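Chains as they are written, first to last, in the deposited numbering: chain A, 345 to 576; chain L, 345 to 576; chain M, 133 to 345; chain J, 3 to 92, 98 to 135.
Take a look at the structure below.
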Amino acid sequence: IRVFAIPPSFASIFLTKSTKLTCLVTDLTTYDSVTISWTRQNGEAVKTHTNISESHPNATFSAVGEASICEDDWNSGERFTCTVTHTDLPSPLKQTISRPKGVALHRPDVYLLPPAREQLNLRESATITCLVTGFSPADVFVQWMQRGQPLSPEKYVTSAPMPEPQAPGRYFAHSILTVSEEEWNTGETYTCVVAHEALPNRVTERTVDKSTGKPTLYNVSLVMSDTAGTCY
Amino acid sequence: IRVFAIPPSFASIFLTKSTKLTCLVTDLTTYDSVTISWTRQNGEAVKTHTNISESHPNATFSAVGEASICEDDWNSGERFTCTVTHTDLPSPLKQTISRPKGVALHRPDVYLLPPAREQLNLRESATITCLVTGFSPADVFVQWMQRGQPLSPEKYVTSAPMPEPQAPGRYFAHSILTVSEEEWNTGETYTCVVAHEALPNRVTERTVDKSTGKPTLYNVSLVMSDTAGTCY
Amino acid sequence: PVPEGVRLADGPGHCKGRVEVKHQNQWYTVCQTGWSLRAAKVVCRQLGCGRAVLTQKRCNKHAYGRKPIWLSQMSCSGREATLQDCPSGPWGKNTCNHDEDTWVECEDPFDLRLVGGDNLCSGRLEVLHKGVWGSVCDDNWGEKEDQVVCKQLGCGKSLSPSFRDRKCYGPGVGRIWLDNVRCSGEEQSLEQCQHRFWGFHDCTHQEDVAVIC
Amino acid sequence: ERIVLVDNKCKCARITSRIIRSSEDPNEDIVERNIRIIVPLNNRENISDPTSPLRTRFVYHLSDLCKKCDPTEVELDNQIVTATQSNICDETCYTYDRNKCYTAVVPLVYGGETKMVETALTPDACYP
Ligand SMILES: *[C@@H]1O[C@H](CO)[C@@H](O[C@@H]2O[C@H](CO)[C@@H](O)[C@H](O)[C@H]2NC(C)=O)[C@H](O)[C@H]1NC(C)=O
Ligand SMILES: *[C@@H]1O[C@H](CO)[C@@H](O)[C@H](O)[C@H]1NC(C)=O
Ligand SMILES: *[C@@H]1O[C@H](CO)[C@@H](O)[C@H](O)[C@H]1NC(C)=O
Ligand SMILES: [Ca+2]
Ligand SMILES: [Ca+2]
Numbered sequence: 345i346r347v348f349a350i351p352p353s354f355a356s357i358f359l360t361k362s363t364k365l366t367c368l369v370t371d372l373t374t375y376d377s378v379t380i381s382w383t384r385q386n387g388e389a390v391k392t393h394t395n396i397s398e399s400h401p402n403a404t405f406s407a408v409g410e411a412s413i414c415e416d417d418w419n420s421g422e423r424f425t426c427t428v429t430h431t432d433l434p435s436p437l438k439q440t441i442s443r444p445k446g447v448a449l450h451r452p453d454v455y456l457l458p459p460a461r462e463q464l465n466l467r468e469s470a471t472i473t474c475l476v477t478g479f480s481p482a483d484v485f486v487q488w489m490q491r492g493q494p495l496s497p498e499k500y501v502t503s504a505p506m507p508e509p510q511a512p513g514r515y516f517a518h519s520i521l522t523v524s525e526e527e528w529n530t531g532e533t534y535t536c537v538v539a540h541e542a543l544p545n546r547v548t549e550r551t552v553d554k555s556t557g558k559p560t561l562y563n564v565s566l567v568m569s570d571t572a573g574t575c576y
Numbered sequence: 345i346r347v348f349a350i351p352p353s354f355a356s357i358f359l360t361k362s363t364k365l366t367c368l369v370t371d372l373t374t375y376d377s378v379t380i381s382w383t384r385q386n387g388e389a390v391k392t393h394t395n396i397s398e399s400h401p402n403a404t405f406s407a408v409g410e411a412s413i414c415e416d417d418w419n420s421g422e423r424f425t426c427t428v429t430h431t432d433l434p435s436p437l438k439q440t441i442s443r444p445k446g447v448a449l450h451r452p453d454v455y456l457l458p459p460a461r462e463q464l465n466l467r468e469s470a471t472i473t474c475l476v477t478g479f480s481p482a483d484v485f486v487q488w489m490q491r492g493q494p495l496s497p498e499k500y501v502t503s504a505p506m507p508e509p510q511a512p513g514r515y516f517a518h519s520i521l522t523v524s525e526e527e528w529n530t531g532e533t534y535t536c537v538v539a540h541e542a543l544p545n546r547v548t549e550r551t552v553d554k555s556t557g558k559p560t561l562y563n564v565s566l567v568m569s570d571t572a573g574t575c576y
Numbered sequence: 133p134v135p136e137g138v139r140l141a142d143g144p145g146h147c148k149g150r151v152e153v154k155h156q157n158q159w160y161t162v163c164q165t166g167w168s169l170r171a172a173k174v175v176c177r178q179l180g181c182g183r184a185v186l187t188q189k190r191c192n193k194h195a196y197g198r199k200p201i202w203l204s205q206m207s208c209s210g211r212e213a214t215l216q217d218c219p220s221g222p223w224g225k226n227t228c229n230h231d232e233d234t235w236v237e238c239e240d241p242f243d244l245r246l247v248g249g250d251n252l253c254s255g256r257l258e259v260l261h262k263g264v265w266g267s268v269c270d271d272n273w274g275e276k277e278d279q280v281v282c283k284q285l286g287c288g289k290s291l292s293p294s295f296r297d298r299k300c301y302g303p304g305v306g307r308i309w310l311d312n313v314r315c316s317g318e319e320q321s322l323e324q325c326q327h328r329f330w331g332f333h334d335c336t337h338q339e340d341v342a343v344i345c
Numbered sequence: 003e004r005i006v007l008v009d010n011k012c013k014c015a016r017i018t019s020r021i022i023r024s025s026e027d028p029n030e031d032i033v034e035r036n037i038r039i040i041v042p043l044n045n046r047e048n049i050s051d052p053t054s055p056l057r058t059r060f061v062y063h064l065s066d067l068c069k070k071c072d073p074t075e076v077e078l079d080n081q082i083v084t085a086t087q088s089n090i091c092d098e099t100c101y102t103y104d105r106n107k108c109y110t111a112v113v114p115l116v117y118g119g120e121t122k123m124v125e126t127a128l129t130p131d132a133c134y135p
């Protein structure tokens, strides 16, 4: 009764180097092998290795599409559709999916907010928020690394890009990392690596630790050794 | 009544780029033309420009016989001798000359001393000293330059390289450049060019003026800004 | 009885070698007592090389290369363009005291090229100092040196690029020759503009600079 | 009228010296030594390492800041020779350079792709 039409985000093109396409069919009907056929503008059938590997409680089978459409073909902005062939309930579900043509490209101006001292005083956990804000293509991919090795994708929570309030064409996302209190207080540098289309380098990273993020104590020590003598 | 047997020094083989060897016969006895014939180890007469000297105050005949043998003969370490043939007062003199063989090599630590504040209060004749010290083959050439243009040779006097008192192997040599105090008080830049074997690029240039000298009032400002990651 | 064009032969190229002189179609070698870097500057400025560097009065075997010795002695002021401008007044007095010859070594003339472009006057900037074609740095790279480089090749003015065509026109391979090139816009070549020393940079190859004219 | 002795841009230290004419007598004029040092309180010890600890100690050897081993060219009588300007040099520093750009390689994982992409540590200098 519900079929997704998940597009290739810029993460799946920038990292995997192939525009992965899917239309996941969930609990539609009792048909033996749900045939997903990715159809282009010309209508020719590309290689679609349909995967049936999900178990549903209603005994209704599932199908996942697969397309190897190149990046230059997707960036031309054509309307794609998996023409799902149905013999049980034979209604052609021509699901429509296309690139938003002519959208502007505004880079994410990323800030890393350290956890508030009220949440620090709980002595239980610390919530580090990454404020990836003001990005126009609205497909964000933020990855966290703890001082060099990347963190688990289920450890952090990435909010969906909602429209930014004070600016019409911008979108903002939150990346909430819930780490322990004793992990934050040791001073491990937590990085916010965000991947996006709109940057020229396509990847930026901001860093906080206990010392950098919050000015609770600034142990600066300045040494001017010579402060005299001849110089030319 | 005296004779000299000057070898080519590191001055005469660097600023002129030609090893000039002469034995200055100085007013010995009245002869028509004192012939000077430089010789090698085999003993053939090197082609020598035999110049008759001018009228001395003591008016006895003198000659300057220079033969510009190239750098390979002096670098090979071959001794020479000018066979000064005497017909009048027939006593032949075998004035021998050879390069210093097997001497050490230590880098000249050249320093530039500005004129003293006691001396500048007399409003004339500021003396800038180029202390060239720590050079082992004891052949140094010091030239004082103004704005990249060399000064007159009468403006400075370079002392002969005397041995260093504390260090036995090294030597030292002064260079007193006397200039007007009004010239030094305008912040005019004085440059001491010193050339020696042990230097890497074979020439060291030290600059001094009133800006380079010891400051009587420092103006240290340490801007402690938490936002300037780059430089202003 | 006057220079009629000189040459620097019997040496490593046309820029370095023994200096000679020409008069009524006789080639005469030059030997002088009063000879400095001023006469070298006049010799390298007349013949076509970049800048005078070193000048010896070196030894040789006298049987080899016995061109006849230029008896007229000149004392060049330094900024004379040609040996016609040098004072060659005394004609007849023999001044060559010793049987040697004068060995002038000039710098190679400046060849500035835009390599990496699509056969226009564009690409990364490459310069030739001694024998190596190398790039320059962009520490403080402005419009004045942009139009100086564009007018060095005689290919119009700069189009003021916005780093896209500057980045996409080659990373550049070779030793970085010039850093901190600060021009003024009126220099006819990049050698007249001040910079750091030749090859004494502080930047890698990824900090190369391209010029689009 | 002040001249700039050094203008070091990755250790922020602008050393200028001016002979300010404090009187008509040209002997009591004081030679100022302006050392303007901008200390980054948020830059780390290794500025090319995002994961480096925050820098707490800033040490400025002004003998090292005033060093000069770009060899200048002097003109002798028969030669132009490169001249060493100092006997000191024959380096870690605390601030970013405006003319330069610094990069860092971070692991980006989408499943198991582990593409080691690069990161512009400063955004303005790489792509103005
Ligand atoms: C500062 O960090 C950078 C980046 O981690 C270090 O540069 C690395 O140095 C090693 C050893 O030479 C190389 O194998 C890496 O390829 C370098 N990485 C990069 C990105 O250049 C640098 O050595 C560190 N500096 C200090 C003083 O620790
Ligand atoms: C130098 O001192 C003057 C006062 O004499 C002051 O106004 C100026 O700000 C100082 N320079 C710096 C860089 O602080
Ligand atoms: C503060 O900084 C100094 C300077 O290096 C250091 O010696 C000291 O250990 C630091 N103290 C703390 C508590 O960080
Ligand atoms: Ca640069
Ligand atoms: Ca530079």
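Yeah, the Cβ is synthetic: ideal placement off N, Cα and C, and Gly gets one too.
- The bridge partners DSSP lists for L/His393 are L/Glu410.
- Here A/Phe358 carries a helix assignment [DSSP, helix/strand/coil].
- With respect to J/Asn106, L/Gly573 sits apart: the two C-beta atoms are not nearer than 8 Å.
- Looking only at A/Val564, A/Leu365 and A/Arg384, the smallest Cα-Cα distance to L/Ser569 is reached by A/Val564.
- In this structure, the CA atom of J/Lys122 is about 22 Å from the CA atom of A/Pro481.
- Residues of the segment 381–406 of chain L that bring their beta carbon within less than 9 Å of a beta carbon in chain M comprise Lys391, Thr392, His393 and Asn395, in sequence order.
- Distance between L/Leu475 and L/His430, taken at the CA atoms: about 45 Å.
- DSSP, read as helix, strand or coil, puts M/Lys289 in coil.
- With a cut-off of 8 Å on Cβ pairs, the segment 464–475 of chain A is not in contact with the segment 25–44 of chain J, counting fewer than three such pairs.
- Annotation: Cβ neighbours of A/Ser565 in chain J (cutoff 9 Å, chain order): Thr58, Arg59, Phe60 and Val61.
- Within the segment 415–450 of chain A, the complete alpha helix (DSSP H) runs of at least 4 residues fall at 415–418.
- If the five residues before and after L/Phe516 are omitted, its C-beta is found closer than 6 Å to the C-beta atoms of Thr477 and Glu508, all from its own chain and listed in chain order.
- Of all C-beta pairs linking the segment 509–528 of chain A to the segment 391–410 of chain A, fewer than three are shorter than 8 Å, placing the two stretches out of contact.
- Taking the C-beta atoms as reference points, J/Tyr117 is found no nearer than 8 Å to J/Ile49.
- Using a cutoff of 7 Å, the CB of A/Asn465 does not count as near ligand 5, since none of the ligand's heavy atoms is closer than that.
- Contact check for A/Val454 against A/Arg550 passes: the beta carbons are separated by less than 8 Å.
- Note: J/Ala132 is not bridge-paired with any residue in the DSSP secondary-structure output.
- Considering only M/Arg190, M/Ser290, M/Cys287 and M/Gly302, the residue with the shortest C-alpha distance to L/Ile413 is M/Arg190.
- For the alpha helix (DSSP H) assignment, the uninterrupted runs of no fewer than 4 residues enclosed by the segment 276–323 of chain M are, from N- to C-terminal side, 296–299.
- By the rule that beta-carbons nearer than 8 Å mark a contact, J/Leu115 does not touch chain L.
- At a cut-off of 8 Å, the C-beta of J/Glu125 has a neighbouring C-beta in chain A.
- Where M/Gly149 is concerned, the enclosing beta strand (DSSP E) starts and stops at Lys148 to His155.
- Leaving aside the five residues that flank M/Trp223 on each side, the residues in its chain whose CB is nearer than 6 Å to its CB run, in chain order, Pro133 and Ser204.
- Looking at the DSSP output, M/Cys269 sits in a beta bridge with M/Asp340.
- L/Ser565 sits in a strand when the DSSP states are folded into three classes.
- Membership of M/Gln178 in the alpha helix (DSSP H) is indicated by the continuous run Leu169 to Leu179.
- For J/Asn10, the shortest separation between its Cβ and any heavy atom of ligand 2 does not lie below 7 Å.
- For the segment 540–567 of chain L, the set of residues with a beta-carbon nearer than 9 Å to any beta-carbon of chain A comprises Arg550, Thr551, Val552, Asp553, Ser555, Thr556, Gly557, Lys558, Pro559, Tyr562, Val564 and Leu566, in chain order.
- Just so you know, the alpha carbons of L/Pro436 and M/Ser168 end up roughly 38 Å apart.
- Restricted to the segment 463–534 of chain A, the beta strand (DSSP E) segments that are unbroken, complete and at least 3 residues in length are 469–477, 485–490, 500–502 and 515–524, listed in chain order.
- Shortest gap from the CB of J/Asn48 to any heavy atom of ligand 1: under 7 Å.
- When the alpha-carbon of L/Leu457 is set against those of L/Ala389, L/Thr556 and L/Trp382, the nearest one is in L/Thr556.
- Judged by beta-carbon spacing, J/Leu115 lies beyond the 8 Å limit of A/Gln490, meaning their Cβ atoms are not closer than that value.
- Listed by position along chain M, the residues whose Cβ is nearer than 7 Å to that of J/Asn10 form an empty set, because the closest Cβ is around 11 Å away.
- For A/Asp371 and A/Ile357, the gap between their C-alpha atoms comes out near 29 Å.
- Within the chosen limit of 7 Å, ligand 2 does not reach the beta carbon of L/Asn545 with any heavy atom.
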